[PDB]
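S.K.: What follows is a single structure, and I will ask about it in a moment.
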Protein chains: 2
Amino acid sequence: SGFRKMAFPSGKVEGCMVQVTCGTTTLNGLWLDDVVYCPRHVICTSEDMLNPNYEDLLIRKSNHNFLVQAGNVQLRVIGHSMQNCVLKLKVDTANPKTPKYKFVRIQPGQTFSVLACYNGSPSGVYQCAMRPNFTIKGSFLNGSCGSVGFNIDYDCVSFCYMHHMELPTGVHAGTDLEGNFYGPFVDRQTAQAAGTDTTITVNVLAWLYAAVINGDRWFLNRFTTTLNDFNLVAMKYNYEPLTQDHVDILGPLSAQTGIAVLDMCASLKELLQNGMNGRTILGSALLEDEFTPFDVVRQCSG
Amino acid sequence: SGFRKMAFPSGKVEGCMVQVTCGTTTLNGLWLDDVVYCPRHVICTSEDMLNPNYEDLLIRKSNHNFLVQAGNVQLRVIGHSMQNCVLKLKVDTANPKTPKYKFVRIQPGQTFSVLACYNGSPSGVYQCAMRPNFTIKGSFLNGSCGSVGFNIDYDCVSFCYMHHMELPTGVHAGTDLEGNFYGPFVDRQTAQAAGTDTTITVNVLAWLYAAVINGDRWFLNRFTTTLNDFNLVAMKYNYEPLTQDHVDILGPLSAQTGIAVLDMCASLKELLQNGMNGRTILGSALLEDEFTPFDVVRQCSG
Ligand SMILES: O=C(c1cccn2cncc12)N1CCN(c2ccccc2-c2cccc([N+](=O)[O-])c2)CC1
Ligand SMILES: O=C(c1cccn2cncc12)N1CCN(c2ccccc2-c2cccc([N+](=O)[O-])c2)CC1
């Protein structure tokens with residue numbers, strides 16, 4: 001028992017992290033097979049950063065302008081190309097620690113683990129969700145660009161996120177590993193703002209099931225709601241609408257606990273209208289929305 | 001910016017995890033050099049578990065009764081011994097992935113990362129604190145015994161925790177890596193209960209400094225308190241007393257923010273007496289006590 005914010009073990013990704021330097025600019029890269037992937041903004045300086053023309057910037061580089069270090073070993077760059085907002089540096093040596101991998105783009109509402117790195121060296125691991133507005137509420141400092149986000153299934157690492165920047169509100173923005181931004185963001189230092197966010201309703205319900213599995217029952221009640229009457233209240237409180245597909249996804253947890261999804265929705269309705277009255281659920285005094293149904297099943301059965 | 005529950009990268013510990021089986025009983029072990037460390041309760045069955053005499057149980061075992069698997073490789077056991085509540089199995093092969101390591105016992109109030117494992121295979125990583133009452137609020141299922149807790153400094157893994165059991169309240173109990181329990185607990189399936197816990201005051205103050213560093217200022221006020229008048233309120237709310245040593249430890253954060261420790265204590269006094277009024281700090285609607293001053297400095301400067 002117990003329920004924690006839990007990340008995937010990071011070892012397979014640690015063996016892929018390298019440092020990439022172009023000039024005075026250093027960040028992290030991901031070394032898979034004989035390619036290193038990194039944010040293309042490594043080719044900017046503070047002079048360019050405001051509105052770079054990346055095509056011109058890259059034409060003016062050569063292979064020898066890129067210094068890649070894997071530990072103390074320098075890897076020689078033998079080719080370079082741009083892939084949307086990612087740079088691909090071909091190196092003369094394939095990474096012997098390359099895991100089985102794929103590049104997957106995730107949806108808003110889904111979670112992943114982040115390995116935060118500085119200077120090519122892994123510093124910490126945490127879990128987060130892709131928000132409805134395509135930002136992440138991460139923890140990243142200067143130097144952390146090129147840190148990646150991932151999930152692991154069996155032996156295979158599905159990379160989903162590469163870190164590019166911090167927005168003025170302190171949340172984070174980045175790309176998939178094909179270099180395409182999540183959200184309406186661009187890789188320049190400008191006036192960008194995260195749009196309005198919403199709470200991920202299916203994940204709040206999943207976490208209420210986790211709470212019941214762990215013995216927190218106080219918010220349960222004898223009522224039920226329709227899906228439509230629930231979604232009416234959802235809209236008022238800035239929650240995403242709950243679909244029948246979401247109801248279906250919560251099936252396993254509803255069966256484990258014996259509490260119908262629309263019965264749990266009546267609890268959530270009550271919590272939104274009334275608050276918690278000073279009580280807690282799974283150690284929290286607010287409704288948590290960054291655990292998916294899959295995340296809950298992972299900790300609350302195995 | 002941003003502040004997350006962050007664990008250490010787990011790779012160095014992943015390369016040490018093995019499966020240990022004695023009979024029908026399987027759990028995890030830690031393979032360092034030519035020794036595997038695991039909970040001695042691997043030598044029990046459900047028949048013994050209520051009140052085992054471990055000395056008699058171990059005398060009746062031979063090397064061949066222990067099956068150790070490192071992936072698909074079976075490691076041959078060539079010796080066995082008991083070390084308090086840990087079993088040490090000498091194997092014929094030294095682990096080539098052994099990191100630099102030490103075995104350290106931690107204090108209540110300190111944090112560490114847990115690599116939760118099942119069948120010798122790493123499943124997830126999370127961060128937690130040693131509570132004042134010597135339990136941990138972990139996330140562990142059947143099969144997770146022998147999972148370890150650790151911190152990393154530079155290249156060196158300091159192992160501090162091996163998991164042994166779950167108490168009736170759903171919190172967790174275990175040993176240091178010399179086999180000595182944290183807390184007044186024993187490795188038998190009996191009527192054990194966690195004692196009364198307290199909130200770790202120095203860590204709450206550290207997290208309030210983290211909040212200020214990240215732009216949450218609403219709880220700040222123009223007041224100050226004495227240490228003695230603060231500790232008076234601390235006692236009422238079940239918080240540990242704040243020492244001058246704690247004040248000294250918070251020095252760096254107080255200097256970074258410009259807010260004296262006893263000025264921050266007046267904020268904490270106000271939050272304890274009044275609540276948050278519906279507001280949040282770092283994404284939480286309660287006061288968080290599982291980040292140390294060191295943890296805060298790590299994310300809020302590097
Ligand atoms: O690493 C951080 C960073 C700072 C603070 C908090 N963070 C949390 N996650 C990451 C950070 N950068 C460096 C890169 N930046 C850029 C973003 C878009 C386009 C170009 C650049 C750029 C390129 C060359 C030099 C410079 N430059 O000199 O500023 C900036 C963003 C800020
Ligand atoms: O793995 C879990 C576990 C279950 C549920 C939640 N958990 C969260 N962390 C770990 C768990 N065990 C197995 C070991 N147990 C024991 C604890 C003390 C002394 C002996 C035994 C013992 C030994 C041989 C067989 C059996 N047996 O058959 O029960 C039990 C505790 C329960």
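Letters for chains follow the order of the structure tokens (A, B, ...), residue numbers begin at 1 for each chain, and ligand numbers begin at 1 in the order shown.
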Would you list the contacts of residue A:281 as a list in words, taking every protein, DNA or RNA residue within 10 Å and counting only C-alpha atoms, but skipping same-chain residues closer than 3 positions in sequence?
M.R.: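 After dropping sequence-adjacent residues, the list is residues 207, 208, 210, 211, 212, 214, 215, 216, 217, 218, 219, 276, 284, 285, 286, 287 and 288 of chain A.
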S.K.: Should the cut-off be 7 Å, what would the residue list for chain B against chain A look like, counting only C-alpha atoms, as a ChimeraX atom specification?
M.R.: /B:1-11,14,122-126,137-141,170,285-286
S.K.: Please report as JSON lines every residue of chain B lying within 7 Å of ligand 2, along with the nearest atom pair and their distance in Å (one decimal), using only C-alpha atoms and all ligand atoms.
M.R.:
```
{"residue": "B:25", "atom": "CA", "partner": "ligand 2", "partner_atom_place_in_ligand_line": "24 (C)", "distance": 6.1}
{"residue": "B:41", "atom": "CA", "partner": "ligand 2", "partner_atom_place_in_ligand_line": "20 (C)", "distance": 4.9}
{"residue": "B:42", "atom": "CA", "partner": "ligand 2", "partner_atom_place_in_ligand_line": "23 (C)", "distance": 5.9}
{"residue": "B:44", "atom": "CA", "partner": "ligand 2", "partner_atom_place_in_ligand_line": "24 (C)", "distance": 4.5}
{"residue": "B:45", "atom": "CA", "partner": "ligand 2", "partner_atom_place_in_ligand_line": "24 (C)", "distance": 4.2}
{"residue": "B:46", "atom": "CA", "partner": "ligand 2", "partner_atom_place_in_ligand_line": "28 (O)", "distance": 4.3}
{"residue": "B:49", "atom": "CA", "partner": "ligand 2", "partner_atom_place_in_ligand_line": "20 (C)", "distance": 4.5}
{"residue": "B:140", "atom": "CA", "partner": "ligand 2", "partner_atom_place_in_ligand_line": "8 (C)", "distance": 4.4}
{"residue": "B:141", "atom": "CA", "partner": "ligand 2", "partner_atom_place_in_ligand_line": "8 (C)", "distance": 4.2}
{"residue": "B:142", "atom": "CA", "partner": "ligand 2", "partner_atom_place_in_ligand_line": "1 (O)", "distance": 3.6}
{"residue": "B:143", "atom": "CA", "partner": "ligand 2", "partner_atom_place_in_ligand_line": "1 (O)", "distance": 4.1}
{"residue": "B:144", "atom": "CA", "partner": "ligand 2", "partner_atom_place_in_ligand_line": "10 (C)", "distance": 5.2}
{"residue": "B:145", "atom": "CA", "partner": "ligand 2", "partner_atom_place_in_ligand_line": "10 (C)", "distance": 5.4}
{"residue": "B:164", "atom": "CA", "partner": "ligand 2", "partner_atom_place_in_ligand_line": "17 (C)", "distance": 6.2}
{"residue": "B:165", "atom": "CA", "partner": "ligand 2", "partner_atom_place_in_ligand_line": "10 (C)", "distance": 4.7}
{"residue": "B:166", "atom": "CA", "partner": "ligand 2", "partner_atom_place_in_ligand_line": "8 (C)", "distance": 4.7}
{"residue": "B:172", "atom": "CA", "partner": "ligand 2", "partner_atom_place_in_ligand_line": "9 (N)", "distance": 6.8}
{"residue": "B:187", "atom": "CA", "partner": "ligand 2", "partner_atom_place_in_ligand_line": "18 (C)", "distance": 4.3}
{"residue": "B:188", "atom": "CA", "partner": "ligand 2", "partner_atom_place_in_ligand_line": "19 (C)", "distance": 3.8}
{"residue": "B:189", "atom": "CA", "partner": "ligand 2", "partner_atom_place_in_ligand_line": "18 (C)", "distance": 4.8}
```
S.K.: Write the residues of the preceding selection, restricted to N, CA, C and O atoms, as a compact mmCIF listing (two decimals), in the first residue's frame.
M.R.:
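Result saved to again24.txt:
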```txt
# COMPACT_ATOMS: atom_id res chain seq x y z
N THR B 25 9.69 -18.69 -1.42
CA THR B 25 9.75 -17.29 -1.01
C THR B 25 10.75 -16.57 -1.91
O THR B 25 11.92 -16.95 -1.97
N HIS B 41 14.23 -12.46 6.39
CA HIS B 41 12.92 -13.13 6.33
C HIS B 41 12.66 -13.91 5.05
O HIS B 41 11.66 -14.64 4.99
N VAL B 42 13.57 -13.85 4.08
CA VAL B 42 13.52 -14.76 2.94
C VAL B 42 13.59 -16.22 3.36
O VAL B 42 13.10 -17.09 2.64
N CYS B 44 12.08 -17.54 5.89
CA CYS B 44 10.82 -17.98 6.46
C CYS B 44 9.87 -18.41 5.37
O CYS B 44 9.97 -18.01 4.20
N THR B 45 8.90 -19.18 5.81
CA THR B 45 7.68 -19.38 5.07
C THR B 45 6.55 -18.82 5.92
O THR B 45 6.74 -18.42 7.07
N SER B 46 5.34 -18.87 5.37
CA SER B 46 4.14 -18.51 6.12
C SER B 46 3.89 -19.30 7.41
O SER B 46 3.19 -18.83 8.31
N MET B 49 6.55 -17.37 9.86
CA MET B 49 6.56 -15.89 9.84
C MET B 49 6.07 -15.15 11.09
O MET B 49 6.34 -13.97 11.28
N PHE B 140 4.73 0.44 -1.63
CA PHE B 140 5.33 -0.88 -1.71
C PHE B 140 4.24 -1.91 -1.72
O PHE B 140 3.32 -1.83 -0.90
N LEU B 141 4.39 -2.90 -2.58
CA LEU B 141 3.41 -3.98 -2.65
C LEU B 141 4.08 -5.27 -2.24
O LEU B 141 5.30 -5.34 -2.09
N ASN B 142 3.27 -6.31 -2.11
CA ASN B 142 3.80 -7.68 -1.98
C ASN B 142 4.91 -8.00 -2.97
O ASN B 142 4.78 -7.75 -4.17
N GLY B 143 6.05 -8.46 -2.44
CA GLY B 143 7.17 -8.75 -3.32
C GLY B 143 8.26 -7.71 -3.30
O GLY B 143 9.34 -7.94 -3.86
N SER B 144 8.00 -6.58 -2.65
CA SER B 144 8.94 -5.47 -2.72
C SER B 144 10.04 -5.51 -1.68
O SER B 144 10.96 -4.68 -1.74
N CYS B 145 10.01 -6.47 -0.75
CA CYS B 145 11.07 -6.53 0.24
C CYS B 145 12.46 -6.68 -0.36
O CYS B 145 12.66 -7.32 -1.40
N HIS B 164 11.62 -3.99 4.62
CA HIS B 164 11.28 -5.28 5.26
C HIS B 164 9.80 -5.52 5.37
O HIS B 164 9.39 -6.69 5.25
N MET B 165 8.98 -4.52 5.66
CA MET B 165 7.57 -4.82 5.95
C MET B 165 6.66 -3.62 5.90
O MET B 165 7.11 -2.47 5.94
N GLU B 166 5.36 -3.92 5.92
CA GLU B 166 4.35 -2.87 5.99
C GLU B 166 3.61 -3.01 7.31
O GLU B 166 3.20 -4.12 7.69
N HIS B 172 5.67 2.01 6.25
CA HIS B 172 6.69 0.99 5.96
C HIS B 172 7.84 1.04 6.94
O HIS B 172 8.15 2.11 7.48
N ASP B 187 11.29 -8.07 12.64
CA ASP B 187 10.94 -8.79 11.42
C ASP B 187 10.18 -10.08 11.71
O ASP B 187 10.66 -11.21 11.51
N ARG B 188 8.96 -9.87 12.15
CA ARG B 188 7.98 -10.93 12.28
C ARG B 188 6.61 -10.36 11.94
O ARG B 188 6.39 -9.15 12.06
N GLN B 189 5.70 -11.23 11.54
CA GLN B 189 4.34 -10.80 11.22
C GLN B 189 3.49 -10.81 12.48
O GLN B 189 2.95 -11.85 12.88
```
S.K.: Run DSSP on the backbone of this structure and report the residues of stretch 22-137 of chain A it assigns to strand (DSSP E or B), as a ChimeraX atom specification.
M.R.: /A:22,25-32,35-39,66-70,73-75,77-83,86-91,100-103,111-118,121-129,136
S.K.: Report, in Å with one decimal, the straight-line distance from atom CA of residue B:295 to atom CA of residue B:250.
M.R.: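 Separation of atom CA of residue B:295 and atom CA of residue B:250: 11.6 Å.
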S.K.: Within 10 Å of residue B:61, counting only C-alpha atoms, which residues show up once you throw out same-chain ones fewer than 6 positions away? Write them as a count of residues only, please.
M.R.: 3
S.K.: Neighbours of residue B:209 within 7 Å (only C-alpha atoms; same-chain residues fewer than 4 positions away dropped), as a list in words?
M.R.: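 Residues meeting the cut-off are residues 205, 213 and 253 of chain B.
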S.K.: For the residues in the current selection, export C-alpha atoms as a PDB file, in the first residue's frame.
M.R.:
```pdb
ATOM      1  CA  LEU B 205      10.656  26.177   6.732  1.00  0.00           C
ATOM      2  CA  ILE B 213      12.363  31.441  -4.506  1.00  0.00           C
ATOM      3  CA  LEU B 253      18.257  30.045   2.033  1.00  0.00           C
TER       4      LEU B 253
END
```
S.K.: Could you give me, as a list in words, the residues within 7 Å of stretch 88-102 of chain B, counting only C-alpha atoms and dropping anything in the same chain fewer than 2 positions from it?
M.R.: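 Using only C-alpha atoms, the neighbours found are residues 12, 15, 16, 31, 32, 33, 34, 35, 36, 37, 38, 75, 76, 77, 78, 79, 80, 81, 82, 83, 86, 104, 155, 156, 157, 158 and 159 of chain B.
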S.K.: Name the residues of stretch 122-297 of chain B that fall into alpha helix (DSSP H) according to DSSP on the backbone, using the chain letters and numbers of this document, as a ChimeraX atom specification.
M.R.: /B:201-213,227-236,244-249,251-257,261-274,293-297
S.K.: Neighbouring residues of residue A:120 were defined as those with any atom within 8 Å, considering only C-alpha atoms; residues of the same chain fewer than 3 positions away were excluded. Please report them as a list in words.
M.R.: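 In the requested format, the answer is residues 17, 18, 19, 20, 27, 28, 29, 69, 70, 71 and 117 of chain A.
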S.K.: Please write the residues from the selection above to a file, keeping N, CA and C atoms, as a PDB file, in the first residue's frame.
M.R.:
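Written output follows (out_39.pdb):
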```pdb
ATOM      1  N   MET A  17      22.791  10.099 -22.057  1.00  0.00           N
ATOM      2  CA  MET A  17      22.948  11.533 -21.932  1.00  0.00           C
ATOM      3  C   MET A  17      24.396  11.952 -22.180  1.00  0.00           C
ATOM      4  N   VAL A  18      24.535  12.988 -22.995  1.00  0.00           N
ATOM      5  CA  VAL A  18      25.817  13.584 -23.386  1.00  0.00           C
ATOM      6  C   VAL A  18      25.740  15.099 -23.254  1.00  0.00           C
ATOM      7  N   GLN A  19      26.896  15.748 -23.325  1.00  0.00           N
ATOM      8  CA  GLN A  19      26.962  17.197 -23.313  1.00  0.00           C
ATOM      9  C   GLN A  19      27.241  17.662 -24.733  1.00  0.00           C
ATOM     10  N   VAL A  20      26.556  18.713 -25.164  1.00  0.00           N
ATOM     11  CA  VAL A  20      26.780  19.284 -26.490  1.00  0.00           C
ATOM     12  C   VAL A  20      27.146  20.735 -26.307  1.00  0.00           C
ATOM     13  N   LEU A  27      24.640  22.540 -23.627  1.00  0.00           N
ATOM     14  CA  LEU A  27      23.392  21.928 -23.156  1.00  0.00           C
ATOM     15  C   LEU A  27      23.506  20.417 -23.234  1.00  0.00           C
ATOM     16  N   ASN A  28      22.388  19.717 -23.017  1.00  0.00           N
ATOM     17  CA  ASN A  28      22.415  18.268 -23.021  1.00  0.00           C
ATOM     18  C   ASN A  28      21.948  17.716 -24.355  1.00  0.00           C
ATOM     19  N   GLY A  29      22.466  16.553 -24.696  1.00  0.00           N
ATOM     20  CA  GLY A  29      21.935  15.811 -25.828  1.00  0.00           C
ATOM     21  C   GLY A  29      21.649  14.363 -25.493  1.00  0.00           C
ATOM     22  N   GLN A  69      30.536  15.429 -25.690  1.00  0.00           N
ATOM     23  CA  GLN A  69      31.295  14.719 -24.666  1.00  0.00           C
ATOM     24  C   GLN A  69      30.397  13.724 -23.966  1.00  0.00           C
ATOM     25  N   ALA A  70      30.820  12.471 -23.971  1.00  0.00           N
ATOM     26  CA  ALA A  70      30.108  11.407 -23.299  1.00  0.00           C
ATOM     27  C   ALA A  70      30.982  10.983 -22.130  1.00  0.00           C
ATOM     28  N   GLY A  71      30.748  11.604 -20.984  1.00  0.00           N
ATOM     29  CA  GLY A  71      31.706  11.457 -19.897  1.00  0.00           C
ATOM     30  C   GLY A  71      32.956  12.250 -20.201  1.00  0.00           C
ATOM     31  N   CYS A 117      19.011  16.973 -16.412  1.00  0.00           N
ATOM     32  CA  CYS A 117      20.464  16.916 -16.607  1.00  0.00           C
ATOM     33  C   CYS A 117      21.068  18.284 -16.746  1.00  0.00           C
TER      34      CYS A 117
END
```
S.K.: Which polymer residues have any atom within 9 Å of an atom of residue A:265, counting only C-alpha atoms, with same-chain residues fewer than 5 positions away left out, as a ChimeraX atom specification?
M.R.: /A:205,224-227,230,260,270
S.K.: Kindly export the residues of the current selection with N, CA and C atoms, as a compact mmCIF listing (two decimals), in the first residue's frame.
M.R.:
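Final output, saved to result.txt:
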```txt
# COMPACT_ATOMS: atom_id res chain seq x y z
N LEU A 205 -10.43 11.40 -11.07
CA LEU A 205 -11.21 10.21 -10.71
C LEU A 205 -10.32 9.00 -10.45
N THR A 224 -25.48 8.88 -7.05
CA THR A 224 -24.92 8.70 -8.38
C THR A 224 -25.30 9.96 -9.16
N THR A 225 -24.70 10.15 -10.33
CA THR A 225 -25.03 11.24 -11.23
C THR A 225 -25.14 10.68 -12.64
N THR A 226 -25.78 11.41 -13.55
CA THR A 226 -25.57 11.10 -14.97
C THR A 226 -24.29 11.75 -15.44
N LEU A 227 -23.77 11.24 -16.54
CA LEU A 227 -22.61 11.83 -17.20
C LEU A 227 -22.84 13.28 -17.61
N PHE A 230 -22.99 15.49 -14.43
CA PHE A 230 -21.62 15.67 -14.00
C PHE A 230 -20.87 16.70 -14.83
N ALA A 260 -19.05 2.30 -8.90
CA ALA A 260 -19.28 2.71 -10.29
C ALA A 260 -18.67 4.07 -10.60
N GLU A 270 -19.49 16.59 -5.17
CA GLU A 270 -19.54 17.06 -3.79
C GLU A 270 -18.26 17.74 -3.32
```
S.K.: Distance atom CA of residue B:246-atom CA of residue B:297, one decimal place?
M.R.: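 One can read the atom CA of residue B:246 to atom CA of residue B:297 distance as 14.7 Å.
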